[PDB]
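Notes follow once the structure below has been shown.
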Amino acid sequence: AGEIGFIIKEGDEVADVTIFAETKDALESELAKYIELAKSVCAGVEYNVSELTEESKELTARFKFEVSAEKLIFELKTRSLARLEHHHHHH
């Protein structure tokens with residue numbers, strides 16, 4: 001990996017989710033639920049997001065936690081959350 005144009009990069013307690021959808025609005029709606037899950041695991045979570053525009057049909061938001069355990073927990077929980085693909089034009 002090289003140097004990328006992000007604030008927070010990869011880490012030991014940093015986990016990013018990459019969401020795809022027609023609109024940023026849809027991405028934000030889902031992302032907000034990830035942020036919601038994040039605050040449920042770690043209120044002191046710090047997160048960044050890719051450049052948000054009208055043409056961002058994809059975004060990468062990384063939540064860094066206090067310990068690497070919280071990362072794993074978030075990854076474990078998102079497994080049961082990010083199943084049942086929901087891109088079906090209804091979303």
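Residue numbering restarts at 1 in every chain; chains get A, B, ... in the order shown in the structure tokens, and ligands count up from 1 in that same order.
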
*Give me every alpha helix (DSSP H) residue in segment 38-76 of chain A, going by DSSP on the backbone, as a list in words.*
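Taking segment 38-76 of chain A and keeping alpha helix (DSSP H) gives residues 38, 39, 40, 41, 68, 69, 70, 71, 72, 73, 74, 75 and 76 of chain A.
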
Hey, can you spit out that residue selection with C-alpha atoms as an mmCIF file, in the first residue's frame?
data_model
loop_
_atom_site.group_PDB
_atom_site.id
_atom_site.type_symbol
_atom_site.label_atom_id
_atom_site.label_comp_id
_atom_site.auth_asym_id
_atom_site.auth_seq_id
_atom_site.Cartn_x
_atom_site.Cartn_y
_atom_site.Cartn_z
ATOM 1 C CA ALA A 38 -20.351 2.314 15.823
ATOM 2 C CA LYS A 39 -21.569 4.587 18.614
ATOM 3 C CA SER A 40 -23.241 1.532 20.136
ATOM 4 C CA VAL A 41 -19.857 -0.198 20.348
ATOM 5 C CA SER A 68 -8.679 -3.680 18.152
ATOM 6 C CA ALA A 69 -11.281 -5.804 19.922
ATOM 7 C CA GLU A 70 -13.950 -3.192 19.181
ATOM 8 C CA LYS A 71 -12.999 -3.398 15.504
ATOM 9 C CA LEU A 72 -13.531 -7.141 15.484
ATOM 10 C CA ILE A 73 -16.857 -6.729 17.302
ATOM 11 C CA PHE A 74 -18.000 -4.173 14.722
ATOM 12 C CA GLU A 75 -16.854 -6.472 11.912
ATOM 13 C CA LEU A 76 -18.659 -9.389 13.548
#

*Got a sec: who's within 12 Å of residue 78 of chain A, counting only C-alpha atoms, leaving out chain neighbours fewer than 6 positions off, as a list in words?*
residues 15, 16, 17, 30, 31, 33, 34, 35, 36, 37, 38, 41, 71, 72 and 84 of chain A

*Name the residues in contact with residue 66 of chain A at a cut-off of 10 Å, using only C-alpha atoms, excluding same-chain residues fewer than 4 positions from it; report them as a VMD selection string.*
chain A and resid 12 to 14 42 to 46 70 to 71

*Do you have the atom CA of residue 59 of chain A-atom CA of residue 80 of chain A distance handy?*
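Rounded to one decimal, the two atoms are 20.6 Å apart.
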
*Mind checking DSSP for chain A and telling me the strand (DSSP E) residues as a VMD selection string?*
chain A and resid 14 to 20 46 to 48 58 to 64

_I'd like the interatomic distance between atom CA of residue 85 of chain A and atom CA of residue 19 of chain A, to a tenth of an Å._
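Spanning atom CA of residue 85 of chain A to atom CA of residue 19 of chain A is a straight-line distance of 11.6 Å.
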
*Skip residue 87 of chain A itself and residues of its chain fewer than 3 positions away, then list as a ChimeraX atom specification all residues within 12 Å of it, counting only C-alpha atoms.*
/A:19-23,26-27,30,82-84,90-91

Take the residues from that selection and write them out as a PDB file, in the first residue's frame, keeping N, CA and C atoms.
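Generated file (selection.pdb):
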ATOM      1  N   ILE A  19     -19.545   1.244   0.706  1.00  0.00           N
ATOM      2  CA  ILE A  19     -20.936   1.080   0.312  1.00  0.00           C
ATOM      3  C   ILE A  19     -21.140   1.542  -1.130  1.00  0.00           C
ATOM      4  N   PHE A  20     -22.030   0.858  -1.848  1.00  0.00           N
ATOM      5  CA  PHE A  20     -22.343   1.199  -3.231  1.00  0.00           C
ATOM      6  C   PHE A  20     -23.845   1.418  -3.388  1.00  0.00           C
ATOM      7  N   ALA A  21     -24.215   2.459  -4.121  1.00  0.00           N
ATOM      8  CA  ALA A  21     -25.620   2.774  -4.374  1.00  0.00           C
ATOM      9  C   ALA A  21     -25.744   3.853  -5.442  1.00  0.00           C
ATOM     10  N   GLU A  22     -26.960   4.051  -5.942  1.00  0.00           N
ATOM     11  CA  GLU A  22     -27.237   5.061  -6.959  1.00  0.00           C
ATOM     12  C   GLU A  22     -26.886   6.471  -6.484  1.00  0.00           C
ATOM     13  N   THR A  23     -27.275   6.800  -5.263  1.00  0.00           N
ATOM     14  CA  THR A  23     -27.121   8.153  -4.758  1.00  0.00           C
ATOM     15  C   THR A  23     -26.330   8.188  -3.457  1.00  0.00           C
ATOM     16  N   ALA A  26     -28.627   7.675  -0.441  1.00  0.00           N
ATOM     17  CA  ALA A  26     -28.826   6.284  -0.053  1.00  0.00           C
ATOM     18  C   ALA A  26     -27.632   5.776   0.746  1.00  0.00           C
ATOM     19  N   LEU A  27     -26.435   6.104   0.269  1.00  0.00           N
ATOM     20  CA  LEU A  27     -25.202   5.755   0.955  1.00  0.00           C
ATOM     21  C   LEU A  27     -25.193   6.319   2.373  1.00  0.00           C
ATOM     22  N   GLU A  30     -27.585   4.491   4.813  1.00  0.00           N
ATOM     23  CA  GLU A  30     -26.995   3.264   5.294  1.00  0.00           C
ATOM     24  C   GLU A  30     -25.809   3.555   6.205  1.00  0.00           C
ATOM     25  N   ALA A  82     -24.947  -6.715   7.178  1.00  0.00           N
ATOM     26  CA  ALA A  82     -24.663  -6.435   5.775  1.00  0.00           C
ATOM     27  C   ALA A  82     -24.972  -7.622   4.876  1.00  0.00           C
ATOM     28  N   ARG A  83     -25.754  -8.553   5.384  1.00  0.00           N
ATOM     29  CA  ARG A  83     -26.250  -9.643   4.575  1.00  0.00           C
ATOM     30  C   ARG A  83     -27.627  -9.285   4.049  1.00  0.00           C
ATOM     31  N   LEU A  84     -28.232 -10.189   3.282  1.00  0.00           N
ATOM     32  CA  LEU A  84     -29.470  -9.909   2.585  1.00  0.00           C
ATOM     33  C   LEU A  84     -29.309  -8.659   1.737  1.00  0.00           C
ATOM     34  N   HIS A  90     -35.647  -1.054  -5.016  1.00  0.00           N
ATOM     35  CA  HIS A  90     -36.387  -0.527  -3.877  1.00  0.00           C
ATOM     36  C   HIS A  90     -35.397   0.186  -2.971  1.00  0.00           C
ATOM     37  N   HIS A  91     -34.142  -0.192  -3.149  1.00  0.00           N
ATOM     38  CA  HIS A  91     -33.008   0.459  -2.534  1.00  0.00           C
ATOM     39  C   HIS A  91     -31.776   0.045  -3.322  1.00  0.00           C
TER      40      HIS A  91
END

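With distances taken over only C-alpha atoms, A:48 is the one residue among A:48, A:63, A:29, A:18 lying closest to residue 5 of chain A.
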